[PDB]
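First the structure, in the form of structure tokens, and then the observations on it.
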Amino acid sequence: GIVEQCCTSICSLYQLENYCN
Amino acid sequence: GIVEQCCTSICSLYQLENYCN
Amino acid sequence: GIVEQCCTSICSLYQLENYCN
Amino acid sequence: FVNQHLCXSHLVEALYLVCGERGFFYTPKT
Amino acid sequence: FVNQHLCXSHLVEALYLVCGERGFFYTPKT
Amino acid sequence: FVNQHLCXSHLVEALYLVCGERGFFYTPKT
Ligand SMILES: [Cl-]
Ligand SMILES: [Zn+2]
């Protein structure tokens, strides 16, 4: 869950990059 | 109240359309 | 703190202008 | 369309999108 | 002008708008 | 990059920015 890893907790730039194509 | 029907509760597309001209 | 004067409390247009260059 | 709570700036943009050429009116009175 | 709480992205846009050509500075330090 | 909680519209814009030409996918399933 992206909403769970980034909207509930904090996503480092890296963690956020796991959702790019 | 739009702030009461859509910002406090959830507005279906229809309910939201009640605020178009 | 801008986050403290405007994101925690309410900033009148003036208070907000204290952060322009 | 979304099933979430739309507030302030996000509510205004939602109306903008949904209404197209009809335009719309925003008058908060909570 | 609004009488609400402006946070993050909404605070930055508010400054952008309010300041015009003066530009502005954003330095959160809560 | 920020160290804050990114939600909805702000999360989508963050992805847009971070991903560049790669594009991205948004599939909320909380
Ligand atoms: Cl928000
Ligand atoms: Zn927001």
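Below, the figures for the structure above:
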| quantity | calculated |
| --- | --- |
| Which of D:16, B:19 has the fewest Cβ neighbours within 10 Å, and the rest in rising order | D:16, B:19 |
| Chain B versus chain D: alpha-carbon centroid distance in Å | 7 Å |
| Residues in chain A that a label on residue F:19 would reach, taking backbone N under 19 Å of a point 7 Å out along Cα→Cβ | A:1-8, A:11-21 |
| Helix-derived mean residue ellipticity, 222 nm - over the protein assembly as shown, DSSP H n ≥ 4, -39500 (n - 2.57), to 500 | -9500 deg cm²/dmol |
| Modelled label reach - residue A:8, point 7 Å along Cα→Cβ, the range F:1-21 residues with backbone N closer than 16 Å | F:5-8 |
| Karplus-derived HN-Hα couplings along the range D:5-17 (A = 6.51, B = -1.76, C = 1.60, θ = phi - 60°), whole Hz, x at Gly and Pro | 7, 9, 10, 6, 3, 6, 7, 4, 5, 4, 5, 3, 4 |
| Amide H contacts of residue D:24 (H built 1.01 Å from N, under 5 Å, at least 5 apart or other chain) | B:21 |
| Share of Cα-Cα pairs in the protein assembly as shown lying beyond 19 Å, as whole percent | 64 percent |
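Bear in mind that the values in this text are calculations on the coordinates, not laboratory data. Note: ideal-geometry Cβ built from the backbone for every residue, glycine included; neighbour counts use all protein chains shown.
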